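What follows is calculated from the coordinates using simple rules that are stated; it is not laboratory data. Note that we place each Cβ from the backbone using ideal geometry, even for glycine, and neighbour counts take in every protein chain shown.
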Ligand SMILES: Nc1ncnc2c1ncn2[C@@H]1O[C@H](COP(=O)(O)OP(=O)(O)NP(=O)(O)O)[C@@H](O)[C@H]1O
Ligand SMILES: [Mg+2]
């Protein structure tokens, strides 16, 4: 019941928001018998085969329609035609990568650390459900409000290549576990703490696996103390079961979000605080009524 099969005639694509490797549209759901048009997000993929890619897509979409977590985007509906179209809640703020990139001069420690906690809470839920993201990145974290981030694009990757966000065991042997997701998680934290820098900028993807084996890792971002950089460093250990668990990651960034400036050194950090409750409640009443935003 968590996945609504839609007819083509009851939703319309309107404007393109972006496109990657799996095209995302700002669209309009028209419920039958009504005069309202309800904004939705529509992701359309490449070609598809009826004699095959139907249940394979539909059965795995039911999995994606079952994720129930404040920090993981749920698939709401599907339309199975020549193409494949997935309908989800439109998030008007866009991805966290472009967000922190357009707001470099305005992301405090309280936000950054809280975003880590939220991403780890999302990722930790997927593990409790025995599910592997396969494509975690700052571009796959959506901004519902600036105070509430949600992971997106779960289970896309498996049903359909981001070398610079994959663990070595995944580049070399195509092994994808919850511990490989932790690697990608660590890279995402690096994108966030650099305000959106490209990982291994300029280095060809072909050569990433070698530099990992000789022990290149992403550099400690300026604003990071070694406590945070150590945590990052531990995500990219060669031995996957030496990497932190998502559940450990929640507790630690939570600890650090309780004294933000001791762990991140941002200029004027004292003036870029979280919203007052008043602002927070107004935000939620219009944009984010979710049970535990
Ligand atoms: N539900 C959504 N609401 C609003 N914007 C969205 C939504 N889903 C995706 N987008 C944006 O649409 C664009 C395309 O996303 P997508 O096609 O998944 O490529 P990508 O995230 O940039 N990289 P990848 O997912 O790894 O292939 C990105 O700029 C996303 O932030
Ligand atoms: Mg995406």
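Among the helices (runs of 4 or more DSSP H) confined wholly to the stretch 145-253, which include 3 or more residues that are surrounded by 20 or more Cβ atoms within 10 Å (Cβ to Cβ) and away from ligand 1 (no atom under 16 Å from the Cβ)?
Those helices (runs of 4 or more DSSP H) span 178-193, 226-235.
Collect the residues in the stretch 27-57 that are crowded, with 16+ Cβ neighbours inside 10 Å and within 26 Å of residue 123 (Cα to Cα), keeping them in residue-number order.
Of everything in the stretch 27-57, those that are crowded, with 16+ Cβ neighbours inside 10 Å and within 26 Å of residue 123 (Cα to Cα) turn out to be 40, 41, 42, 43, 44, 45, 57.
Go over the candidates 157, 138, 167 one by one and state the one that is closer than 30 Å to residue 204 by Cβ, within 15 Å of ligand 2 (Cβ to nearest atom) and in contact with a helix residue (DSSP H, G or I) (Cβ under 9 Å, 6 or more places away or on another chain).
138
Considering the stretch 92-118 alone, what residues qualify as being buried (at least 20 other Cβ atoms within 10 Å of the Cβ) and within 14 Å of ligand 2 (Cβ to nearest atom)?
Matches in the stretch 92-118: 95, 96, 97, 99.
So residue 56 clears everything in (1) touching a strand residue (DSSP E or B) at 6+ places or on another chain (Cβ under 7 Å); (2) more than 16 Å from ligand 2 (Cβ to nearest atom) except one condition, right? Which one?
(1)
Within 16 Å of ligand 2 (Cβ to nearest atom) and either part of a loop (DSSP other than H, G, I, E, B) or in contact with a helix residue (DSSP H, G or I) (Cβ under 6 Å, 6 or more places away or on another chain) (or both): is that true of residue 130 in this structure?
Criteria not met by residue 130.
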